[PDB]
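[1] My sequence and its experimental structure, below.
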There are 8 protein chains.
Amino acid sequence: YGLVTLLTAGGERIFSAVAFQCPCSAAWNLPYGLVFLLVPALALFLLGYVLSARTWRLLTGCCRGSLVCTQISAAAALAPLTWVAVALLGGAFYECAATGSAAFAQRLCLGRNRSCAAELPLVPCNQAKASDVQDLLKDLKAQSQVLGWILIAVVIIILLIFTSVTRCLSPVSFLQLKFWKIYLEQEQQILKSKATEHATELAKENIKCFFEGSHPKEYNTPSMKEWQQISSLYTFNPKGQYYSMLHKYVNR
Amino acid sequence: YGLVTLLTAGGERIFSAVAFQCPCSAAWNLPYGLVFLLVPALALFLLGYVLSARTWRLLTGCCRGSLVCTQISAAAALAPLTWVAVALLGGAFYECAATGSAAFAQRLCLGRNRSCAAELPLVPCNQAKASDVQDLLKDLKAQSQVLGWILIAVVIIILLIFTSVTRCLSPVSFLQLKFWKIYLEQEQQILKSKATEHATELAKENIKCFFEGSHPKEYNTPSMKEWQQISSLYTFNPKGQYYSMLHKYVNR
Amino acid sequence: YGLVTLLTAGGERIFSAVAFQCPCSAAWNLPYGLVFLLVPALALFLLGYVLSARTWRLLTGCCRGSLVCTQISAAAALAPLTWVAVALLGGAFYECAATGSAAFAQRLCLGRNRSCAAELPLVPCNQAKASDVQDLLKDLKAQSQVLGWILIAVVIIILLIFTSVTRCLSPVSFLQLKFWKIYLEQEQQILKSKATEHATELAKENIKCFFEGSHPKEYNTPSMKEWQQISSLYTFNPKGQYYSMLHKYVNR
Amino acid sequence: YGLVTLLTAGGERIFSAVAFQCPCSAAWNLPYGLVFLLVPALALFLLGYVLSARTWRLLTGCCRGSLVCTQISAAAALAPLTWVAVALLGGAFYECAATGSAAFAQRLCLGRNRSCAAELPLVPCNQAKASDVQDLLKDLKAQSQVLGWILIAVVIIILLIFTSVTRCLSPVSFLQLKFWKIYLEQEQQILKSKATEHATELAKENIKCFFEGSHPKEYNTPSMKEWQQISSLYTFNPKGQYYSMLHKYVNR
Amino acid sequence: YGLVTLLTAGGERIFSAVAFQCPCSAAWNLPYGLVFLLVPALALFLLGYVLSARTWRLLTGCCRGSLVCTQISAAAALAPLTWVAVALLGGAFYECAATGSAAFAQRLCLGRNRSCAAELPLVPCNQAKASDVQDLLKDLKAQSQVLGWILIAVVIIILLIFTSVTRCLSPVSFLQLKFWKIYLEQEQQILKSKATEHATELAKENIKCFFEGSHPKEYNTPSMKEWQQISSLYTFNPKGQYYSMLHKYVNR
Amino acid sequence: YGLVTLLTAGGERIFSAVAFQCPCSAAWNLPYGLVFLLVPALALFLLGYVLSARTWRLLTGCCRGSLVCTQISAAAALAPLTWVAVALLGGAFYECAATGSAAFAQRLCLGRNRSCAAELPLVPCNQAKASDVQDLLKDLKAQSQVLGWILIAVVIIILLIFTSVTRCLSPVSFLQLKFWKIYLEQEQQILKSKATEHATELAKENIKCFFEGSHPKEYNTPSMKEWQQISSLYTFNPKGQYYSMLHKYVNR
Amino acid sequence: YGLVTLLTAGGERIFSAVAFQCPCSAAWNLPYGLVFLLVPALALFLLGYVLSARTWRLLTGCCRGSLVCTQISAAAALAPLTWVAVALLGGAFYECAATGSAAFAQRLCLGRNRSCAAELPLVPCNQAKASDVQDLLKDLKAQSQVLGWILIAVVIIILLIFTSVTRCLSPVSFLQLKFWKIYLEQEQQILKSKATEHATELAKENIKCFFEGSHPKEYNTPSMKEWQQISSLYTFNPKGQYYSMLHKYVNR
Amino acid sequence: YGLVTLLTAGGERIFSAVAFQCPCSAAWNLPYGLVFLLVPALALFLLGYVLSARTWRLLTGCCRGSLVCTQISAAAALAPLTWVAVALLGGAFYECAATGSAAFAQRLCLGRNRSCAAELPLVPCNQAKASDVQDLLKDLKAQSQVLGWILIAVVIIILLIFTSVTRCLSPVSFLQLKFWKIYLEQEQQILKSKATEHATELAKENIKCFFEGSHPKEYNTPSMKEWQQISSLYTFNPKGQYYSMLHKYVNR
């Protein structure tokens, strides 16, 4: 129960701390909204850019490259766009971003109170009492939510076009591509299991030879150059089907 | 319990954020309603346009085509129409769409207050106090719900006509069409299972040959050109019944 | 629990949205009631017209016909009449339909307030304060419920006459008709099961021949023309009892 | 139940005691915030600097060294930065750090009340009633949260660059590095188990010889110089793959 | 349930009795705080100084000695420092220690009320009403908590330096030291078990000889001088590895 | 449930009866506090002096003796000191003991009201309204709690010195003393069991001889003089290790 | 549930009836307290004097005797003293016994109101309003509780001295006395069991002989004079150890 | 559940009906208390006088006799005395018996109001308002409870003397008397069982002979004169031990 209690206490403290006041300030407010917009989005973007093993496969070993790079970048930027869309649909962040540069304010307000730019930042702060801005905060909330929805539409549209073109111009058919992906999945799982047990037997043999203090068996050597040879990325040629470059490397 | 708590917290935050205020604004309100109408509808339409594997079957491989295209487009536009119908029956969105172009307003209001177009947008906002518009908001809600019901009738009618004609002019009978669909289902499931285990054995053999470092077996080759040959779409000719083009490709 | 919570939230939202206000409007109210009367009724009528496989049996294959058509139409119009009866017994819809054409109003009200047609639509809206109409709304509710009960009587009467005549003039006896229906039920279930397993074996054989890449077995061919031949509808002649046209087609 | 009750009582007492008042004091407040910033951060930094066995491996035995040292220092400073980021996002600590050196105050306040530096420390204390500082506390809270978010961005960026470069310039490939780490894991677990049972048998033999009072068996001797020889750190040379220096020491 | 009820009643009585009032007294208050500071700390220090069996091993038998003594003293003073740190972070004790010697008071208060030393002791007592001291109590609470945090930092720093130096200059490597500690653990457990059963058999034999009234067996004698010989402490020499002096005493 | 209900009722009655009012009386109050101090302490002291079987071993049989006597007296006075310490830390008892002899009062009060000794006993009674004594009761509570803490420190210190010296000057080593105590424990348990079954067989034989009415078996006689011989206390001589005097008595 | 309900109802009625009002009466109150003091104490004393089988062993058979008589009397008066101590610590009874003989009152009250003896009995009755006695009731409660505690100390002291002397001058040692008591326990249990089954077989034989109507077996006769012979009490002589007089009677 | 509900309803009705009002009446009240005193006591006395089978053993058969009669009468009057003691300790009954004969009243009241006998019966009725009797009711309650306690002491004393004398002058010893009572218990249980099965076999034989309609077996006859012979009561003579007169009747 200790873990449960500590986790609930930590979560409550965390959320009470992420309380979003949108401080009404003449000039220090814009960055307040801007960081709450960009930084968590950038964070999730980075985590996506990190997590996928496909890019790591390319990166290791002392560092056409455009296609794979834009593919991985989009496949990772999927999620941060979802976060920023959800936040922008939250409305609070952009509502705080209302002020921004003075150009936005001067172009923005209808000029009714003639005192917009002076103490506009008070408008999400609810401290200003001019009727014009008390209605204008609502319109700004609207612009935030609307922009968010427009973004979540643009992102799905881009995903459509991306996946469709990537699915349109490939030489291989569909019912084989599905089977190929199943193949790669099975290969990954089999590799995990058998490499695990092979490393296990290697360790067992070596540690027994250490306790005894004698020569090892010298059963076989997984060649490191071979490892690099099978780490190739592209895995296609119309003639030599040979998926999974390891499999391509069975002729010699 | 952590997943459960995080999911309920996220759902509550999400729904509190999708709170729909319908900001009363002279000109920025129309798009507010318009995005809440179109964008989620377009989203679900796109997801339908993506999900079905029948269209993907046509799309892959470097891209009569009308019939299949309108069939898939309608079969996917089924759901977005359901969303937009439910929303329009919600009444709030179109109620916010009341203003729209000025032509709608000038033609719309009875001319009683003579001040409609000035601050009509306040009518779902409940801030306007003219009796005429306080009753007119109700009629607009009515028009929304009624239009929604009319749409959900038109959509079912269209579905009827579509499925009836598609069921009327086909050469094959009913009790055979049912059996054929059962056939295709069984074929899909069998294909999934056996292709899975065949890829499994392929991977096993190749990974064993890799650990040993020797020549593979060369059992057999699923031909890629054969894969493309069996990916055909139409699957009918009165003479050569031969469902499931794979099955058609058993004579040679 | 996620499915349960989402379903209850959706149901609550749906029902809160189907809230029926009956907007009091001089001319736009009649259609408000009319759609809530007809459209859900038409919807359930259409779903009935779709669901029964007996009509589909007739429809497929490039399209005396009166008897079967009126039979299926009544057997499907059973349910929509139940919906419209329940709704009309609800009273709200027709109460909203009070206004209708002006002829209904002028003939309807006793002429007491002499101001009926002007703002009668307010009478279910409870905003009108003339004593005559405040009592007249009740009578309209009465007319709605009464008409509903009259309809639910007429529908059961029609069902009686229909099923009795259909049960009266048939040549076959009762205790055999029951057995015949049991027969058709058993035939349907047996057909489902055995056709399922036969398609299963067909698929197995063909997919094995594909993995191997060799000629199929050519066990037998369910003839498509035979399928159409056994799809006939009438299934009766006094001499050749031969229920279930498939069974009739065993002499040659 | 005694342990549970004592733990909940202790936790409640602990948290009630860590109550953070931010005493408003002219000069003794700055250190109040500074210790609550640095000391828990330094504590978690130290615990990280202690816990990892990789550094201990280097440290023991009477004490190129730069690379490993910066690697371990960053890998341990990961967590304290997370603590300080969470705290700075809490806002209270830095809000208490508002005062700091007088330079911060004189540069900070807009000069409105002209009495900032006199009793500014009261501003998180809520005792000062000047409007300027009552709004300025909010901006200070903002600066705290914003700086926190900037730090949590900088830390993830640094983690990215660190892990990417460390993953970029290594000679070995990826799919082999994963296998190598699995290898080291298996080696650690096998070592734990077998060393455990070997020490067990050693102890059993010696304690039996003690109860009897006779000469021991002298089965074998794990050489201490050998232990030191196998404690090496680098474990790489392009030619002699020989992971896990113990494994490198199997040729002689 | 009796034990449970008596324990909860005793705990409630105990805690209600340890209620800390900090009596405001001119001269008798300082010791009030001082005992609540030192005595529980000294108590836990003593319990640590008692509990560890390593020191007892040295102490028994009619009583270089510096190194082991400072090691055990620090290893035992670990916990009392934790208690005193937690208490000092509680703030109440030192807040009561505010008064102390008059030098602390005269140097302490800003000289505002000019009546500090007269009735300062009332300041945690909340009975004094001078504004200066009502704010000064807060600063004293601050000094308490801050000093506590400084102490909990100094203690962890000292622990770091201690364990690092003790881990730095030892001749044996790490991966062998871990194994050695595992060895000593296994030896302790084996000793417990086998000594237990050996004493059991000894007692059985002697008590049987008593019931019968005859001569004992005289199986063997665990020599007391041998016991003292195997009780040695240092257990290291670079040449004769021979951990666990018992094990060192197997050559003769 | 009857036992449970009677026990809870008895406990509630008991505790409601041990309600401590500290009657404010000029001369009869001192003994009121004194008995509540000494008598329960003396009671637990006596129970300790009774319970230990080591002293009984010395006492029986018609009654160097200093060492064992002070050892047992301290080992039994352990607990009463804990009771009196807990009570004195309760504060109420000594607070009632405030009055005591007049010397304590005259030396005690600052002489402010000049009416201390007259009606000081009212000070824990809360009936006196002089400000001096209303503050003095608090200081007396302080003196009680402080004295209690001083006592609980002195007792642990004495326990330390006692157990350390007793552990310091003994000739036998530690790791043998532990084994010896385990030995005595096992001997006690074995003695309990086997003496039990031997008395059981004795009783069985004699009662069978009684039912039959014949001569007994005369198997053996546990000699009473032997019993006294094996009841000796010291159990040590450097030469004849011979723990557990019974065991010492196996040579003849 | 009937037994449970009747028992709780009876207990509630019983306790509501034992409500102790201490009627304030000039002369009839003293006996009111005196009976509530003595009678339940005498009752429990008598029950103790009855229950122990050791005295019954002496009493039966037509009735040095001092030692056993004082031993049994003290061993039985143990409990009544506990009851009277608990009651006297309750305070109510003796508080009611305040009045007693007039000598107690005249010596008791300080002579302040000069009207003590007239209506002192009202003092626990709370009806008298003289300040002196309203404080004097408290002192009387004190005297009651204090006397109770003094008694519970005297009783434990007496128990100590009694059991110590009885344990001091006995000729037999301790470790044999424990074994002897275990012996007597086992003898009692064995006697219970075997006498039970022997009476069972006797009854079986006789009742079978009755149903048949024939001569009995005449197996054996437990001699009544033998029964009396084995009922002796002292069970000790230094020479003939022979515990449990039955066992002493095995020589002839 | 029906039995449970009916029992609780009956119990509630019964107890609500046994509500004891003690009607304040000048002359009809005395019997009100007297019946509530004697009648339930007499009832339980009678039930005791009935239940014991020892007296029935004497009574049957056409009706020294003093000793057994007083023994049974006391053994049965045990319980009614307990009831009357509990009731008298209840106080209400005797409080109602306050009035009694006028002699009790005239001797009873102090003569203060000079109006005792007129409307004294109102004193437990709480309707009289004279201070003297409002205090006198309390004293009467006291006399009731005290008399009850005196009675419960006298009864236990009498039980003591009775059982002691009956245990003192008997010729047989204790340890044989216990065995004898065990014997009689076993004899009763064996008699129950075997007589049961013997009557069972008798009935079986006779009812079989009835169904068949033939002569019975005539196995044996339990003689009625024998039954009377074995029903004797005294069961003792010093010479012929022969407990359980049935057992005495085994010589002839």
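    That came through fine. Residues are numbered from 1 along each chain as shown, chains lettered A, B, ... in the order given.
[2] Now whichever residue of the stretch 151-252 of chain A sits closest to chain F: which helix or strand?
    The minimum distance from the stretch 151-252 of chain A to chain F, using C-beta to the nearest C-beta, falls at residue A:211 (29.9 Å). For the C-beta atoms, the positions are set from N, CA and C on the backbone; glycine is no exception. Assigned by DSSP states H and E, residue A:211 belongs to helix A:174-212.
[3] Give me the helices and strands touching the next helix or strand after that helix, please.
    Using DSSP H and E, the helix or strand that follows helix A:174-212 towards the C-terminus is helix A:224-229. Applying 3 or more C-beta pairs under 8 Å, 6 or more residues apart in numbering or on different chains; DSSP states H and E, we find helix A:224-229 packed against helix D:174-212.
[4] got the buried residues for the helix it packs on?
    D:174-177, D:179-180, D:182-183, D:186-187, D:190-191, D:194-195, D:198-200, D:202-203, D:205-207, D:209-210 (16 or more other C-beta atoms under 10 Å in any protein chain shown).
[5] all helices for chain A, in order.
    Assigned by DSSP state H, the helices in chain A fall at A:2-17, A:29-51, A:53-59, A:65-90, A:92-96, A:102-108, A:116-119, A:131-168, A:174-212, A:224-229, A:245-248.
[6] Please tell me how far residue A:148 sits from residue A:99.
    19 Å (C-beta to C-beta, to the nearest Å).
[7] Residue A:49 too?
    According to C-beta to C-beta, residue A:49 and residue A:99 sit 31 Å apart.
[8] what's the answer for residue A:226, then?
    Taken as C-beta to C-beta, the span from residue A:226 to residue A:99 is 61 Å.
[9] Kindly report the same for residue A:79.
    Distance of residue A:79 to residue A:99, computed by C-beta to C-beta: 29 Å.
[10] Then residue A:194?
    Distance, residue A:194 to residue A:99, using C-beta to C-beta: 61 Å.
[11] what does residue A:236 give?
    53 Å.
[12] So if I had to pick from these two, which one is more boxed in?
    Between residue A:236 and residue A:99, counted using other C-beta atoms under 10 Å in any protein chain shown, the more crowded position is residue A:99 (24 against 14).
[13] what sits against the spatially most central residue of chain A?
    What sits nearest the mean C-alpha location of chain A, by C-alpha atoms, centre = their mean, is residue A:48, with 2.9 Å. Applying C-beta atoms under 8 Å, 6 or more residues apart in numbering or on different chains to residue A:48 gives the contacts A:75-80.
[14] ok, now how distant is it from chain G?
    Going from residue A:48 to chain G by C-beta to the nearest C-beta, to the nearest Å gives 67 Å.
[15] go on, residue A:126?
    Taking C-beta to the nearest C-beta, one finds residue A:126 at 63 Å from chain G.
[16] Can you give me every residue that contacts the residue of the stretch 151-252 of chain A closest to chain F?
    Applying C-beta under 8 Å, 6+ apart, the residues contacting residue A:211 are D:194, D:198, D:220, D:222.
[17] switch the cut-off to 7 Å
    With contact set as C-beta atoms under 7 Å, 6 or more residues apart in numbering or on different chains, residue A:211 has these partners: D:194, D:198.
[18] how many other residues sit next to the closest residue in space to residue A:40 that isn't next to it in sequence?
    Leaving aside its chain neighbours, residue A:40 sits nearest to residue A:83 (6.1 Å; criterion: C-beta to C-beta, 6 or more residues apart in numbering or on different chains). Neighbour count of residue A:83, defined by other C-beta under 10 Å: 15.
[19] ok, residue A:83 to residue C:82 distance?
    According to C-beta to C-beta, residue A:83 stands 50 Å off from residue C:82.
[20] And for residue A:63, the neighbour number?
    Neighbours of residue A:63 (other C-beta under 10 Å): 10.
[21] and it, what does it touch?
    Here residue A:63 is in contact with residue D:168 (criterion: C-beta under 7 Å, 6+ apart).
[22] same deal with residue A:232?
    The contact partners of residue A:232, taken as C-beta under 7 Å, 6+ apart, are residue A:245.
[23] And it, how far from residue A:203?
    28 Å.
[24] How about residue A:45?
    Counting by C-beta to C-beta, the gap from residue A:45 to residue A:203 is 39 Å.
[25] And for residue A:101?
    In terms of C-beta to C-beta, residue A:101 sits 62 Å off from residue A:203.
[26] Show the contacting residues for residue A:79.
    So, once contact is read as C-beta under 7 Å, 6+ apart, residue A:79 ends up touching A:44, A:48.
[27] Likewise for the one 5 residues further on?
    Contacts of residue A:84 were listed using C-beta under 7 Å, 6+ apart, and they are A:37, A:41.
[28] near chain B, which residues of the stretch 151-252 of chain A?
    Counting by C-beta under 7 Å from any C-beta of the partner chain, the stretch 151-252 of chain A comes close to chain B at A:153, A:156, A:160, A:164, A:167-176, A:179, A:182-183, A:186-187, A:190-191, A:194, A:198, A:220, A:241, A:246-247, A:250.
[29] Apply 8 Å and report the result again.
    Remark: the part of the stretch 151-252 of chain A in contact with chain B comprises A:152-153, A:156-157, A:160, A:163-164, A:167-177, A:179, A:182-183, A:186-187, A:190-191, A:194, A:198, A:220, A:222-223, A:226, A:230, A:241, A:244, A:246-247, A:250, using C-beta under 8 Å from any C-beta of the partner chain.
[30] so who does residue A:162 touch?
    residue A:74.
[31] ok, now which ones touch the nearest residue to residue A:72 once chain neighbours are set aside?
    Distances taken as C-beta to C-beta, 6+ apart place residue A:55 nearest to residue A:72, at 4.6 Å, with adjacent residues excluded. By C-beta under 8 Å, 6+ apart, residue A:55 lies in contact with A:49, A:72, A:76.
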